[PDB]
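Notes to accompany the following structure.
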Amino acid sequence: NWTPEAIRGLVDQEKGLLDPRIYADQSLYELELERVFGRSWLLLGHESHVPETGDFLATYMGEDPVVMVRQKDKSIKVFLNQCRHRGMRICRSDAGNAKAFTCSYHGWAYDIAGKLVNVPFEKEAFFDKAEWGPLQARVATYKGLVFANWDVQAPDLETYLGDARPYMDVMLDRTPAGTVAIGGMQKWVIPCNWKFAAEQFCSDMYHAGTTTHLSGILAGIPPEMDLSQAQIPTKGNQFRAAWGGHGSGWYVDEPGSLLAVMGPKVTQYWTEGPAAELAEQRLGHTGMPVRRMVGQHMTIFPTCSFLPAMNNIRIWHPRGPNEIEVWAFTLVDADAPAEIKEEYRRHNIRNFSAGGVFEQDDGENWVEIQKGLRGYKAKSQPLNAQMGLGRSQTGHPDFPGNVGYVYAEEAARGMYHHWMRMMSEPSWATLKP
Amino acid sequence: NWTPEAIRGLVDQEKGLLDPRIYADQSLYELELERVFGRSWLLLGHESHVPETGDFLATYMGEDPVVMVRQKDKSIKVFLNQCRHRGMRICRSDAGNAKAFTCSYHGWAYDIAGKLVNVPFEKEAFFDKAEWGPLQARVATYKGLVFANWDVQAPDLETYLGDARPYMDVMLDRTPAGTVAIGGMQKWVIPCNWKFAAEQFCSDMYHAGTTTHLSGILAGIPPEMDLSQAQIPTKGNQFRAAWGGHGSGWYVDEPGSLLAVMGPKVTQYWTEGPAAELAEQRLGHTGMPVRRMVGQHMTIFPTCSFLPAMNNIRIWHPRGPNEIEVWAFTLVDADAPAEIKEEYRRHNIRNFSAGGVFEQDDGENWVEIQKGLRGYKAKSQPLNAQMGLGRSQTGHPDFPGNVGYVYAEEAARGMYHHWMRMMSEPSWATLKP
Amino acid sequence: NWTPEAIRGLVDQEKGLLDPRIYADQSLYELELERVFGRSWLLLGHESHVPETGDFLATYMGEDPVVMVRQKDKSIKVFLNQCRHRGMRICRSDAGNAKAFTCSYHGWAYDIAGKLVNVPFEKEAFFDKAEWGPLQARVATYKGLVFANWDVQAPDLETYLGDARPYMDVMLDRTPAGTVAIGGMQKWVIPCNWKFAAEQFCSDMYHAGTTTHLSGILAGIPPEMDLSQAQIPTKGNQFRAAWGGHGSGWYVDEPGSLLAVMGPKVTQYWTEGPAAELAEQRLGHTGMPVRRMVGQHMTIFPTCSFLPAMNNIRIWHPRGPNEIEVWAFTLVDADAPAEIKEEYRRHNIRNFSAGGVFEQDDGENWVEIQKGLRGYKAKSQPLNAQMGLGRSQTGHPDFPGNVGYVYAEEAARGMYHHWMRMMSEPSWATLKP
Amino acid sequence: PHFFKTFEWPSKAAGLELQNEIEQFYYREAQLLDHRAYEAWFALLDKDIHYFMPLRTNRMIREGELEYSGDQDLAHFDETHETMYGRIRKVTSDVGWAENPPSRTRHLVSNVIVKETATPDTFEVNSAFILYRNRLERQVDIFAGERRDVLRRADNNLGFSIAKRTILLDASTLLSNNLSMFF
Amino acid sequence: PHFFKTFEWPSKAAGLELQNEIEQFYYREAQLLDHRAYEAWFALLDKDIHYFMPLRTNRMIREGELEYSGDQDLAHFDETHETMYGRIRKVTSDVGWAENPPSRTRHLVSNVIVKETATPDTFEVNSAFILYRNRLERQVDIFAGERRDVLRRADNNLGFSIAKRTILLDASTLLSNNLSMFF
Amino acid sequence: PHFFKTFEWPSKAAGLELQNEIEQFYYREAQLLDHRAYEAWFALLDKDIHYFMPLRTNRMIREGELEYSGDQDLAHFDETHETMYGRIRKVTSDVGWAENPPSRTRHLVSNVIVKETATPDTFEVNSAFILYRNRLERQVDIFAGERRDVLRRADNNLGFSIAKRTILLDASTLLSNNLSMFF
Ligand code: FES
Ligand code: FES
Ligand code: FES
Ligand SMILES: [Fe+2]
Ligand SMILES: [Fe+2]
Ligand SMILES: [Fe+2]
């Protein structure tokens, strides 16, 4: 049994150590489903996935199937995809438009709000229908992005995100028209723990700066160039959130990282001219020189990761300690030229899908990692998260918050420390910021 | 450890609430193998599966493989299909005829009674062979059906069945000639808990009277007819056994779904003319108007389920909390005309095989229920088993026992209540009728 | 929790009784990885698998992936195949030659000794590299063979082996030139517990002298000969090691087994002429008339198994309670005529690969035993291990140690006994010889 | 050990043209099924179709005669033109839950062996298949087996009608929850 | 319950020489891929290749038009000659970790259905495949689907170039960790 | 990178008649194995048969030449006419437990590429297979690979004998507990 005391010693943000059991242990996993996924704000998608009355997306929150649906009044509701009669899936397609939801088992009927509104033979066989609809999550939107949380006593989304909002805004707050999701959402399965993924996007530019993406970079540079000519970016910064375990890292004034991935047309869009100027002007309140932020990774804890310049967005659905599903999609400015939208669509497919020249190599790592952790000794010694220890500060004249060097495990040490908190403190009264 | 107090909390027949954990929890399942399957009477097949000396069938009791074998003295023996030397499977084919069994591993030899009669190199390496033959099960027969029970302390079969016997007799006791199994036993695998299967056949006409079988009914009616012309019945009753988790439900006077499932030649055979009148006379001692019972489902707790007017029988073999095997066959009156037997055979394949126009939709439901239970919030609230609460009486003029309406969950509550009792009362002194 | 008291009662060598749970329990298995595999000497291969500096083999110790690499100083190092930064596999191919090993995730670099010698961005981001290399294992050699052990307080290899060494020498110490591994290491997967495999090679000549290999023999005998002519070897002996769980059994004087398995040229090389008399002379200090020992099996506990006259060698990698991997190779005397090496190669393929005429039938038994143990009653009573109980003597004129009859379970009882001891004695102070 | 087949002469080889036609027939048939063109696929079935898929069992070699269910036994399928029609009615129904949302299948056909019968333009055909069925989110069911058909030249789109089909599936216990697909 | 398909007459059957030529081309193409001859394979692809594998979703029958991703949507692949080139550079690279060590693939091709276009020596081809991928120690990924190609006669080794390829994969969620292979 | 294959001329295409003949030989061979006519199948083997299935391993690209086991190494099979005979004697044996009860297999054959050798009536053939093996209650073992045969025209029932066969399996570690089937 995992005591608060036992859980606190899985991480040590002082010495920079992690117990490898955190990624393999079944007991700890069941706890996460209650203590982490049960009460966290989890990303479900985007307002554009469900623009019209009755439009719906069937997605997950941990291992709980949920339906995200647009109401007549324009609000979004999120309710468990489970009939409380005998557990049947109420909504049985991936996405679409509904006037109602009917259970296929015994035909209990629901409206688009998840209210139980008809029970066949109710008169003859029966109880208050208004007390027997699917559990409802709280629904909260950040500039397009739809989040949801089961927990009534959890912090509101804005309070949850807190000072991470400027970094999300780099991607989400660049035009008066907002972003929109490009159609389609990719789904695939990697046999690894979710934390490898959520961390990597939280804190890890290191892998892209070293050996992991040597071949993906090669795929994006011109045919006349080989890897020895490649510009190795070393300039940039890393943000650890004040509360929540959120994290973002980015390159500064080194476009070669962004050029190879997203190509000249997008790299220009992001950094020079009307759009990029407008964006820096809109992000003025932050004082951030966003035209100089050329390649960024971010994670809103637990499982909302994205790559602000390439605008690849992803949810990690946990599937035990040993597996995840990755659900990916991509964002564009609603008023970006059709040229730039198309550049975003192509290059996201090229780099970040299941077949992508970057993605192939990220998941190759995580699979072998998870495989080693089946070993006894493989779990007996702690892992090294000591990169950039006590090097971050909130003074930074360019980027707000706890900021350090781009190769650092501070954002990681924060995420894991926040993971540990949620897993050892049962009451939101001690846990809230 | 699941305490008796905690197990007693899992089912509430007063309020009619079911804890979804019952279908998902690995620990409860391990306990089921001991407390339920280890001491219940379990269906193995029919006397006609093993008609002659030495005829055997390899089947299961829970997750224990067993051999059911016909003896020279015409009795039936049931032993564990496991060699007590190092555990090898003694009988290695599905069925057939044996003069003896011999273990493939080291050649321990058995007679057809499961008695160890030879150990190669006994004089050189040894021990009483009479003490080292495979574990024997108790064997008993109710009107052709072969049941077995490991537990020497359990109530005998007739006592265990109790007032459930009249409802079994509607199918099993219609002629002095008895029933016979059609040759062939179909086997398939469904990713769901056994209790969904057993509950449905026990109590759930509701799913057939509402949404699940709209398309199976559609497949059954005259090509010239459409669904809005089909007569889906509303009249009937549900039985809950005085003791033991047993239950049956049936339509009264409403042949529509019997006609659609079994066609006009079976429907007429079952309701009118010489054979039907004989059936009513034979069951005269029960007082039941069996000719007006047209479409019925039954379960003998835990895992013996059948459909009397259609004569489809199922054994649910449990394979963890998340899986079952379905072993299905069909029974006919041994003296039914060749024509009727053939309609029975034809229509059972059409409706109830793995490819059956009814069966496809039964399992479709269960697969999706079970996947959902992987979720934390999907197990966090009770399921509704409140249908027909308080509406059942014992003194019905036509049907014996505790009787209610056809769309009800009284039989369901009884089944889950007895499951609960079996799981929490370790001794037959308190558990027996 | 499994108390030491509970574990002690899982094996009874006095009565010769075994609790079947030992092969199925998930808790015991996890305990095994710690108490058995975490501190045993396990076979990794032969010295000839890594003849030159930098030569490596990626293999396992339990479920711990390890690298076995030849050093410049001609020693052999074995270290965990896991990077301590974030858990990545360091050596990603099966075998070959390395100048260094580099991790693909972030680029930490290692020499062929497993010392961490480079960290990308070490100055800008950081810690003693000499403390962040993968875990090293003790490495010791016995007459060609490479064993490894994580536990620094365990008995040295020679001590651990003890009086089992003469029986290993029958195979390993027949010429000054020593053995060599034929190229190639076959790998296959069996859904069974490792203990069935270890025990069989430890103690079970019985299966082969009875029913398992009737057809394997039939495959190998002259085409003009049927099984009734085939010879029934019954004459031979069996050795239980003084300490460790090791065991061997062999036929004396009866060469029908050997001839059918290995043919007439291997048979003659093993029993007649210059090489056979040299082998017997070399093992003179044992007193063993090795030319008369014709067909032999052996296990060095836990999972190092082999077959002296056919020179087939196996490592069993545990993969949970219900599965193993079989990694197999063959040994020949380094100076054996080309004719003989080739006969060894052919017949090892013919008999002992995954498609082997013997091996097909060994795994057939184990697959079914393991399936049966899913059953509750299948695990409810002990298995019989009473063969030759109280018949082995320690003063045999021909063979040293505790010696009984070829068909016995004395070595087997010893294997299970030492298994219980490792599982229930946390301290080498008590456990050591 | 010799077998009575030794006194039989090999059946005459189907010519290049007839071989290709029958192959193309099956590929077009598989297309229909994989694209869920059920009404169109049903049109290929002769009115006197016997569509049969016997149970298959584990038996010792000395009881090999008992491997498949018999004439008068249960089966996974044993269908006429009429009962197949109801099955088409169900699979194309908005309220047929097992196949709404529909599965995704692939019938990979090969090993086509053609025997001309004593009736011209009627053929006995033996082929092998793998049927890959993927359903909802993550469900994968893989089948393999052989089909033994009688095909007649017909005046339909594809040039052949299916007069008899038997499907011998390499399974005893069916590893799938249903057979909502057609073979 | 009839469909507009009923008013169309079936295409001209591909002749035997051409059927064989195109089968042989795919078999030799599968050999290229299964032997990891990636530069040789990339040489088959026309400069104007659009190589497209759309997403496939679970939809109710009455929303079947929505089953696959669209023209402007994300896809698993949506490639041009120039973007494929970068993929070849990655897969043949020493530091391409996903395929170094290389995976072990088999492309089993069948159901090849050929149509002559209005353009001589340009053909529309529909074929089915099972692609077996085996990786590292124990990983097995099996894919099934159909390929819709536009093939042109060409003076390369194999006699054809691939002008368009669309891969309709029998999956929604990909059960594999990646698509590090070519279809 | 350019490769030495660039200086080779493509092989002389097998004529349609020969293609069909060899494809039909493989289909009939598959049927024999799938129906367990082991003795009849054994009759297909030439007396000079070398039947070989090398080991296959994970190697970095730079050690590609070490992927498969060598001439003097262990293999999964490495058989002559005499040794195969013994295997036939075991599989047909009532006491051959691995195949009594027998398994249920499907040998799906495609991608048949035929090369005519210097010696007339001797052919090098490369084909692809999927082998689906189902055993007892619930065991399924799926193999994929290619076969490299040398076939000679013969006066047997099938018209060819198998003079050499090398099986290149898409596996490193065998995921099956045995290879009690033939390839
Ligand atoms: S499960 Fe939804 S109505 Fe019964
Ligand atoms: S296991 Fe049955 S004789 Fe040994
Ligand atoms: S995992 Fe080895 S360097 Fe990061
Ligand atoms: Fe990356
Ligand atoms: Fe039903
Ligand atoms: Fe053996």
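Each residue's number is its place along the chain shown, starting with 1.
Each residue, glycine too, has its Cβ placed from N, Cα and C.
According to Swiss-Prot, the features are:
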BINDING   B:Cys83, B:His85, B:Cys103, B:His106  [2Fe-2S] cluster binding site
BINDING   B:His207, B:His213  Fe cation binding site
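Other than the site residues B:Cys83, B:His85, B:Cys103, B:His106, same-chain residues with C-beta atoms no more than 8 angstroms from the centre of those residues' C-beta atoms, the [2Fe-2S] cluster site, are B:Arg84, B:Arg86, B:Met88, B:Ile90, B:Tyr105, B:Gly107, B:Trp108. In this structure, of the binding-site residues B:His106, B:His213, the smallest number of CB atoms within 10 A of the CB marks B:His106. Rounded to the nearest whole angstrom, the C-alpha distance between B:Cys103 ([2Fe-2S] cluster binding site) and B:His207 (Fe cation binding site) is 47.
A C-beta separation below 8 Å, combined with a sequence spacing of at least six in one chain, links B:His207 (Fe cation binding site) to B:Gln200, B:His213, B:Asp362, B:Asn365.
Using a cut-off of under 8 A between C-beta atoms, none of the binding-site residues B:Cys83, B:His85, B:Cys103, B:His213 neighbours chain A. Around B:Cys103 ([2Fe-2S] cluster binding site), a 10 Å sphere centred on its CB holds 27 further CB atoms from the protein chains shown. Highest local Cβ density among the binding-site residues B:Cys83, B:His85 belongs to B:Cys83, counted as other Cβ atoms within 10 Å over all protein chains shown. Calculated from the flanking Cα atoms, the unmodelled 9-residue segment between B:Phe126 and B:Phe127 spans 7 Å. The binding-site residues near ligand 2, defined by a Cβ under 6 Å from one of its atoms, are B:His85, chosen from B:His85, B:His207, B:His213. In the three-state DSSP assignment, the secondary structure recorded for B:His213 (Fe cation binding site) is coil.
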